[PDB]
C-alpha cells in the first residue's frame, strides 16, 4: 500500500488559461444519471444498495478487485432494477476499462485512501463526475491534482462527507444561518471512534487502514467532525477560509499494546511500530481569526464522538450529546444545556433543516448512519439531475482533507503552525456560501 510520508506528504502553479474555477459550478443536467461504482466493499456496497431505489439513476457498471464483491453488487442491482450493470474485476487498473467502455456520467469511488486521487482524476479525465469517499486524498500533491483536474475537465469532484447531512448537523447549519448564536468565534471537531480491533482484520479496512498508523503521525481522518463546522463558518466560500493549523499528538501506545496482547509474536503489527499518537489534537486558525479544535483518536477505548461544537457570541451548539444553549433558545437561560429528547423537541420543531423535513423521514427508513447517507446521496442525485451546484465543492473537500498532511507536517516540525494552501487561488472571496437548501 503506497503511503506518502515525510516531505512528499506535505510538499507543493497558477491555473491554466483553459481551466475554470469550479466554485458554484453547474454541470449539464442529467435526467438519468448513468452511474458506476469503483470499489464495492462495505462502504461502496452501502451506496450501491441505497441508489438502486433512487429515481433518475441507472447503475451501469461495478468494479472491485474482488470478483465476488463485483458479483454481489451486480446481483443486487439486477434484483432491484431489472437490468444488470457490467461487472469488472481483477487488477487495480481494471476500472479504466470500465470508464472507457461505459462512459458513465458519474462514478462513486469507495476504495482505500491510497487510490482515491488517482481513480478520481482518471474518472474526470474520462468524462465522469467523481464522488469520492473520505478523506479526499492523502497528500497535498494529490489534493492539488484533483483540484487541477476538475478545473481542467470541468467535471464535478465532491468528497462524500455524509456528516454534514445529519439531522443535528443540518439543524445547526440552519440555526447558524439564521444568526441564532450571534457572531461565530470557535468550533470543535473530532473523530473519536475505537477502531483498534481492525488490527485483527486481514480483510476490509483492516487490510489497509492500520498501516497508515505505522507511517504518518497526524490526523488521518479529519473530515467527519470538521465538515459541518467548516460550512457553519462558510470556510472557503466568500466569508472566511482556513489559514493555519498547529498539530500535536499524544504518545503512540494503544495499537502497539493491542498487538502484543492479542496477536502472535510473528504478526506484522508486532514487528512494525505504530507511530501515530493515539489522540491527535490540532487547532485551526481561520482568516477571520476563528479557532477550530480538531481531534482524532481511533485507538483509545472510549465512546464515539464527532464533537460538532459551534460557538458564537450569543450561544453554543454541540453534539454528542446534542445540546444547545443561548439567549434566543428555550427560556434563554444559557447557564444550562437544553438537552435530552424532551427539551430538544421544541428545538427540532423550530429549527429542523427543511432538507431534513423533506428527506429525513425516508432517510431514517433507508438508514445509513441514521439517515445522513440517504440525504447526502439524494442531494447528489438532485444536483446532478437539476444541473445545480453541489453543496460541497472540490475546494472544501481538499481543504478539509488537507488537515491530514498539514497536521503531520506541523507535528514533524515540533508543533509549529503551518499555512493552508489556497486551492481556490484567491477565488474563495467570490464563492457563494452554502445556503439553507429548500
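Residue numbers count along the first chain shown, from 1.
A.B. asks: Enter the number of deposited residues without atomic coordinates between residue 12 and residue 13, binned as none, 1 to 3, 4 to 9, or 10 or more.
C.D. replies: 4 to 9 residues are missing.
A.B. asks: Read off the CA B-factors in the entry, average them over 208-216 and over 303-311, and name the higher stretch.
C.D. replies: Here the higher of the two C-alpha B-factor means belongs to 208-216.
A.B. asks: When the Cα temperature factors in the entry are averaged, is it 265-273 or 190-198 that ends up higher?
C.D. replies: Going by the record's values, the stretch with the higher mean is 265-273.
A.B. asks: Would you mind finding, among 290, 323, 167, 358, the residue with the largest C-alpha temperature factor in the entry?
C.D. replies: So the option with the highest C-alpha B-factor is 358.
A.B. asks: Sorting 38, 52, 398, 35 by Cα temperature factor from the record, which one lands on top?
C.D. replies: That would be 52, according to the entry.
A.B. asks: Relative to the other modelled residues of the same chain, rank the CA B-factor of residue 47 and answer lowest, middle or highest third.
C.D. replies: Ranked within chain, residue 47 CA B lands in the lowest tercile.
A.B. asks: Select lowest, middle or highest to describe the third in which the CA B-factor of residue 258 falls within its chain in this entry.
C.D. replies: It falls in the top third of the chain.
A.B. asks: Give the position of residue 341 by CA B-factor within its chain, expressed as the lowest, middle or highest third.
C.D. replies: Top third by C-alpha B-factor.
A.B. asks: Should residue 365 be placed in the lowest, middle or highest third of its chain by the C-alpha B factor in the entry?
C.D. replies: It falls in the top third of the chain.
A.B. asks: Within this chain's modelled residues, let me know which third the CA B factor of residue 69 belongs to: lowest, middle or highest.
C.D. replies: Residue 69: CA B-factor falls in the highest third of its chain.
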